[PDB]
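Only one chain is shown below, in structure tokens, and it's the form deposited in one PDB entry.
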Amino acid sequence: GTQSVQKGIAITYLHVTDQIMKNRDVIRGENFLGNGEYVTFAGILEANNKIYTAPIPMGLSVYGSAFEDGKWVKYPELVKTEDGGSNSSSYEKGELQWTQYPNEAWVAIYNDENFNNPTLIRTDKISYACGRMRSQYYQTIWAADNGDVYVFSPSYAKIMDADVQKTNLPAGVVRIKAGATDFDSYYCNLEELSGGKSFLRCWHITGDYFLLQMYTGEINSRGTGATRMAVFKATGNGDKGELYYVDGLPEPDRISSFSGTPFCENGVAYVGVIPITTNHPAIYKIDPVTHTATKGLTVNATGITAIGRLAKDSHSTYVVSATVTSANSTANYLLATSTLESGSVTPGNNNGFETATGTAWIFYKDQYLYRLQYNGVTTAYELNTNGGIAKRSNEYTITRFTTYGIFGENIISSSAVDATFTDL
């Protein structure tokens, strides 16, 4: 056969029990959806004993636009004539950047973590299901407690330069019932409910309630103005969806950012709120039933990069990962606390453990906290038998990732990559 550089999908596993890293053979990304384009997985969602992801279309690679004399090139006027761009937006001559098919969304359903033989399904009711901010892809596919998978799209593609690459669909939601292999008839237009606004990203809270980080103005590539929260009850209003803005958070013009991953327990969501700059980050409790927020634990640091729990034998604690950023340096501290609802935490005591910053953080149940970092090594933490934060024995070298999640006993990370493939 003929080997060439093509777009692939990388999959990396961190097995939390064995403490072993494995690299899956690279998956072909070219023509993943049958239109020549390659994809970036957004989300590794465990539900119904299966993995759901949104394969986000990327446009055409250099290989894909040249393939069989431009078979896949629908809009040749968009193929780049020379190298250019900057950062994640950088492109090579011959690429077609961004999808040519913005008015649809796909979901891949995999039977297990081997990522073989996906069930690929398409809807024309929403655009693609992820959020975006510069180089980041945010998961927007989530399961209700009953296993129903809700597939949200903020319609990020509305901000594309070329008309044919804009979506004309409003931000909205569709559904895959638990155990089903295709979408049902559910559809909710979120812009009609929100006052014309989309969202940066979203998460599950409990039951059929989801948390949306809402925009105050237009969606944009820098995340500007993503300073409100709303609670979406998917089956509310007679299975039409119901959206309520959250009351009790700081005023939007006082919010610098929210932390990236809420912590959900006891039916509520705990969210890190970073105010504009004495004004410290604090963790707010959001009750989805009343769409009300209350101020809890104050964090005496720059930011909040993880909230969760660690447990070992008869010891357990909450763990807040906090950043300390100076003019000349970045630091991260893991801070133990018995409560998220009052008081404060401050680096500088025995209940704190310093780490390098990490690209992303994820808790595996209440057993481990993983600090995912590419080059830099990936590390993991636990409670020791004495109840203190401890580093696990094994470290890992992983590559750049754009999505991550847990299935079974594996932490899984993924990215679109260049790789050699053999064609017939």
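All residue numbers refer to positions in the sequence shown, first residue = 1. Residues that one form lacks are left out of the comparison. Definition used throughout: the rigid core is the maximal C-alpha set that superposes within 1.5 Å between two forms.
- In terms of unmodelled positions of the deposited sequence, the stretch from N375 to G376 in this entry skips 4 to 9 residues.
- Gap check for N349 to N350: zero deposited residues are absent from the model.
- Taking the PDB entry as given, 76-84 carries the higher mean Cα B factor of the two stretches 76-84 and 150-158.
- In this entry, 387-395 shows the higher mean Cα temperature factor of the pair 362-370 and 387-395.
- By the numbers in the PDB entry, the CA B factor is greatest at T330 among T140, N111, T330, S198.
- Listed residues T261, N189, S257, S326 were ranked by CA B-factor as deposited; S326 comes out on top.
- Per the PDB record, residue ranking by Cα B-factor puts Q97 in the middle third of the chain.
- Placement of the Cα temperature factor of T355 within the chain: middle third of the modelled residues, per the deposited record.
- Compared with the other modelled residues of the chain, the Cα B-factor recorded for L212 ranks in the lowest third.
- In this PDB entry, the Cα temperature factor of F183 sits in the middle third of its chain's modelled residues.
- Per-chain ranking of the deposited C-alpha B factor places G303 in the highest third.
Unshown form deposited in another entry; subsequent notes refer to it.
- Here the two forms are overlaid on the core, and between the shown form and the other one the C-alpha of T224 is the only one among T224, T298, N146, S338 to shift by 2 Å or more.
- Here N266 does not count as shifted, since its C-alpha moves by less than 2 Å between the shown form and the other one after the core is aligned.
- Once you line up the core between the shown form and the other one, the Cα of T235 stays within less than 2 Å of where it was.
- Put the two forms on the same core and the Cα of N351 is off by 2 Å or more between the shown form and the other one.
- Shifted segments between the shown form and the other one, defined as at least 3 consecutive common residues whose CA atoms all move 2 Å or more after rigid-core fitting, lie at 222-225, 349-352, 373-375.
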